[PDB]
Amino acid sequence: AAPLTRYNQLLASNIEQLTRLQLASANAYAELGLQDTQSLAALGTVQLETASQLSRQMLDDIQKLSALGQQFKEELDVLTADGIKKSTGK
Amino acid sequence: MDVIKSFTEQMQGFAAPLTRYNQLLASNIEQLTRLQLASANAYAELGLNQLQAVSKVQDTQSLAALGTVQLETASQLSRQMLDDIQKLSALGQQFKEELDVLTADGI
Amino acid sequence: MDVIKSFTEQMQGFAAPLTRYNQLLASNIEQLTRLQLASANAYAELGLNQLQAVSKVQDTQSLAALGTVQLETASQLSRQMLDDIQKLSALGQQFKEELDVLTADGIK
Amino acid sequence: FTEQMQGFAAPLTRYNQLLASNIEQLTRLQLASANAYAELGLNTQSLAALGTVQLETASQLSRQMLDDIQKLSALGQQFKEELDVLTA
């Protein structure tokens, strides 16, 4: 469990969102591919601005993830220090 | 005749910025995938080497060797976890950057 | 005005099949991603449980936890790997399938 | 017995690699298509041909994907035969 899972989840999460973005883009090209240069400049602007927002959120989730990861490394350092004490055992 | 038309479309400059955008997306998808593959391979190598390790401790009695395996696997786990988070943060930064260049040049 | 135009495009049927192809690809990328995440979480869980088990040791009589978690971890990892291969084969099989209906319908 | 653990590492990576293989390639497909349309945006039999060629590309990637899944599953199944023998 723990931030390990949380991190793989954020990873896959971002992959998915980006794919849906590339799909939105591809569809938007095929349409119109079928007063229009106003809509072209608009399209480039809009897909830039959507990707931009997604990058904002990805970086926020990265920051929070780093926090939960702080909790976990606190938990792991106790496990490695128990390992050290036992390792001096025999 | 392919070359002239590709040059002139390259000169008009209409498909180039959009292709830049798609290209950028595909790249970040690729880099995220490779991060997930590396994480997965790391967790696998941990569980496997801990399994062989606990087996070689099975065929002895020293609780010290057991503790040394515990120490190694926990320490390397923290290692891998923090380095993975950092890799990801870098990926997110460089993506924000490339996007700001593309919006900037768009104007 | 959005509705009439999308109705007439869906009726012409020129942009629809290409969009179907793009949707096919996007869906398989999604499913492959989720399959990989599941695999990753599996290796993570099995590793971490065996770590907590090895941390619960001390007292040499604890070789029972050693053999039981080791046997459990090994056989369950067999399962995981084989079932993962099956999910992936299924995904590739079904991908083939939808491609063949799209080629078939594209011909006609 | 611990010897057998070597035989986990081959398919596991081979599995994980394969997954990511298929993801990359699919994304390139999604990319090529996504800018193929884009070229036609700057500009009707070219459309039919474009669809045919996308469907064919993806089909070939599919054959390859299914052959690699065959080889992998053979590795895993041989390895399971040996493991089910070793627990006996």
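The structure under discussion appears in the preceding block.
Residues numbered from 1 in each chain as written, not as in the entry; some residues may be left out. Chains lettered and ligands numbered in written order. Heavy atoms only, no water. Residues with missing side-chain atoms left out of burial classes, pairs and counts.

**Student:** Would you mind going over the overall build of chain A in detail, with residue names and values included?
**Tutor:** Helices and strands together make up the secondary structure of chain A, namely 2 helices and 0 strands. Projected onto its principal axes, the C-alpha coordinates of chain A cover approximately 80 × 20 × 15 Å. (Helix = DSSP H or I, 4+ residues; strand = E, 2+ residues; numbered from the N terminus.)

**Student:** How would you sum up the nonpolar core? Please name residues and give values.
**Tutor:** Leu 77 and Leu 88 of chain B, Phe 95 of chain C together with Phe 8, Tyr 15 and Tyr 37 of chain D are the most contacted members of the largest nonpolar core, which has 85 residues in total. For this core, the elements supplying multiple residues, two or more each, are helix 1 (2-33) and helix 2 (37-89) of chain A, helix 2 (15-58) and helix 3 (63-106) of chain B, helix 2 (16-55) and helix 3 (63-107) of chain C together with helix 1 (6-42) and helix 2 (45-87) of chain D. With near-sequence residues (within four places) excluded, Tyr 37 of chain D lies in contact with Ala 26, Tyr 29 and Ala 30 of chain A, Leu 18, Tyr 21 and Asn 22 of chain C together with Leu 50 and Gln 54 of chain D. One finds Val 57 of chain B together with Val 54, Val 57 and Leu 66 of chain C within the second-largest nonpolar core, a separate group that totals 6 residues. (Core = buried A, V, L, I, M, F, W, Y, C linked by side-chain atoms within 4.5 Å. Buried < 20%, exposed > 50% of the residue type's maximum accessible area, 1.4 Å probe, protein only. Contact = heavy atoms within 4.5 Å.)

**Student:** Got a sec to walk through the interface of chain B and chain C? Specific residues and values, please.
**Tutor:** Contact with chain B, which involves 20 residues of that partner, is made by 22 residues of chain C. Buried surface at the junction of chain B and chain C, summed over both partners, amounts to about 1,800 Å²; 74% is from carbon and sulfur atoms. Considering only the surface of chain B that becomes buried against chain C, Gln 50, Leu 51 and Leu 63 of chain B emerge as the three largest contributors, covering 26% of it. Linking chain B with chain C are 0 salt bridges, by the criterion used here. Linking chain B with chain C are 3 residue pairs in polar contact. Of all the secondary structure elements, the ones that give two or more residues to the side of chain B that touches chain C are helix 2 and helix 3 of chain B. Looking at the side of chain B that touches chain C element by element, the count peaks at 13 residues for helix 2 of chain B. In terms of residue class, the side of chain B that touches chain C is built from 12 nonpolar, 8 polar and no charged. (Buried area = accessible area lost by both parts, 1.4 Å probe. Salt bridge = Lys/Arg side-chain N within 4 Å of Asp/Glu carboxyl O. Polar contact = N/O pair within 3.5 Å; in protein donor to acceptor, adjacent residues only side chain to side chain. Nonpolar A, V, L, I, M, F, W, Y, C, P; charged D, E, K, R; others polar.)

**Student:** Explain the interface of chain B and chain A residue by residue, including any values.
**Tutor:** When the parts of a complex come together, some accessible area is lost, and that lost area is often taken as the interface size. Counting from both sides, the interface comprises 37 residues of chain B and, opposite them, 38 residues of chain A. Contributing elements (two or more residues each) for the side of chain B that touches chain A: helix 2 and helix 3 of chain B. Considering only residue class, the side of chain B that touches chain A consists of 20 nonpolar, 15 polar and 2 charged.

**Student:** I'd like a description of the packing of helix 2 of chain A against helix 3 of chain B, backed by residues and values.
**Tutor:** It is the contact of helix 2 of chain A with helix 3 of chain B, at a shortest axis distance of 8 Å, that shows an interaxial angle of 165°. Put simply, helix 2 of chain A runs roughly antiparallel to helix 3 of chain B. The two elements helix 2 of chain A and helix 3 of chain B meet at a crossing, and its hand is left-handed. When grouped by side-chain class, the residues that make up the contact of helix 2 of chain A with helix 3 of chain B number 21 nonpolar, 17 polar and 5 charged. (Axes fitted to C-alpha atoms, helices over the stretch in contact; angles between N-to-C directions. Parallel < 35°, antiparallel > 145°, perpendicular 65-115°, else oblique. Left-handed = near helix turned anticlockwise from the far one by under 90°.)

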